[PDB]
């Protein structure tokens, strides 16, 4: 039966190299795994003992001094054409966007990483990186980088957290620094201290779109953290959600902070807090899943969502999780309801589909409510009954075409492993046009 070995890496950024997967997160923490199931913890905090950057407090002295911090926030490590590993590091004071972002380079994924210097700052009292006075209602906090190649081999970096929103910069593929003259770069969304951070871009060759993943809400147990996605034909936008809303329009109301209500309507919502547990039956359950990265396996065409999450009843404890992603008929990804255990999309038979399901509806809100299950039943006559009504059918090998309460959803049927109950389960995972995700798990 499947084996898991857990690690804690907040804000994990996935990278595959040398036949092995690594995640690099905040606090100079990191872990590795060969199979995305058994992880080995490598580092956990910023100290002069951390082997990724020896004597880190001297090596990145200028960043800690600017940011007035003893830690680092959410790193990204990306391999460039010279074969070397470039870590995009950043620190932030924490109570304000007083931050610096820089890059360090290593010959080997596990270090040592050598500082090349700071290249962006936020939170200055005067002139900012774009030649205008720094203003956090429109300018970024210089944290949460994702440095990536587009389908043509051009290098970009997307970044941002709260403050003025999410931005993208053209990067130098020889040095790892931004090309000159761009300021903070091009704005993709955001404004007025919206609760939106952790951008990540993944291309899908089959659908021919770039997917911009984001985290909405606050990270903590009462924060309503949830993972959302939008897409564009180009890496630098414009990005839209499944209803065709332009992501550029998303921001808080002028003169406010953390206006969740104005931003909720925008983006496809893939996953938020939920539990399959009931009084009578154990189940899986997350609180505030978010700050994701994503991986595309060119050998198989399979995609994976990698993220941290908290849990019902475990306070602020967090661990890394991985869920497989599937593109639906309209070119939007749905997440497997259970963590990755080596499952793949296979042929599904009608006999396997019929029966009773526990249903999670992730909705479109930012909410600290842990979503709970209701029970439905997929009938042999193609109706759905029980605590909701609708219809189901299958397209081809495993495509789920489901109607619930007069809304139409599309995704997949998928047999997988429930690691809490330690049983196989038939599931479905689907998405409607409003960007609402629904998961079914069969009883």
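Numbering follows the first chain given and starts at 1.
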**Message:** Mean CA temperature factor from the deposited coordinates, higher in 211 to 219 or in 234 to 242?
**Reply:** 234 to 242
**Prompt:** Comparing 410 to 418 with 388 to 396, which has the greater mean CA B-factor as deposited?
**Reply:** 388 to 396
**Asked** Which one of 56, 28, 374, 31 shows the biggest C-alpha B-factor in the PDB entry?
**Response** 374
**Request:** Pick out which of 335, 81, 91, 202 has the highest C-alpha B-factor in the PDB entry.
**Result:** 81
**Item:** residue 177, C-alpha B-factor rank within chain (lowest, middle or highest third)
**Value:** middle
**Request:** State the tercile, meaning the lowest, middle or highest third, of residue 351 with respect to the CA B-factors recorded for its chain.
**Result:** highest
**Item:** Third of the chain, ranked by Cα B-factor, where residue 430 sits
**Value:** middle
**Complete:** Chain-relative C-alpha B factor for residue 310 (record values, thirds): the lowest
**Complete:** Here the Cα B-factor of residue 228, set against its chain, lands in the third termed lowest
